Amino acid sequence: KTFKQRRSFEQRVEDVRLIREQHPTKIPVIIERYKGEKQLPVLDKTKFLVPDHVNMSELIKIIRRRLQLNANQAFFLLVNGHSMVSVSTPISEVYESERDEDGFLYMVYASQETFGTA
């Protein structure tokens, strides 16, 4: 079950309210394996508290580490269905324009589809 299915909307809103009050310089981020992704491993945790200065480049690196991936293994972190425009972009800016109605910033990771026929 995804994060949104394990915690209700009101519950999520409340989660964010508290965390933002306790850590005003951190961004509450939900990072999960894309529902369509089956090759990449799953994380033991899905809720992250990220300093707002952290950029996409650094975020991509730590999650890769968390998933114990080799540099040459395909990995992509998508926000609202799209890749990160710039990797130098601070998570604070991503939060500003991409956050969910519940206050969380959602992200899903995936590798690539494989192909073959008949």
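In this text, residue numbers run from 1 along the sequence as written.
Which is higher on mean Cα B factor in this entry, 70-78 or 44-52?
Result of the comparison: 44-52.
For the stretches 105-113 and 90-98, which has the higher mean C-alpha B-factor as given in the deposited record?
That would be 90-98.
Third assignment of residue 18 from its chain's C-alpha B-factors:
For residue 18, the deposited C-alpha B-factor lands in the highest third.
Taking the values exactly as deposited, rank residue 65 by C-alpha B-factor within its chain and report the matching third: lowest, middle or highest.
Middle third by C-alpha B-factor.
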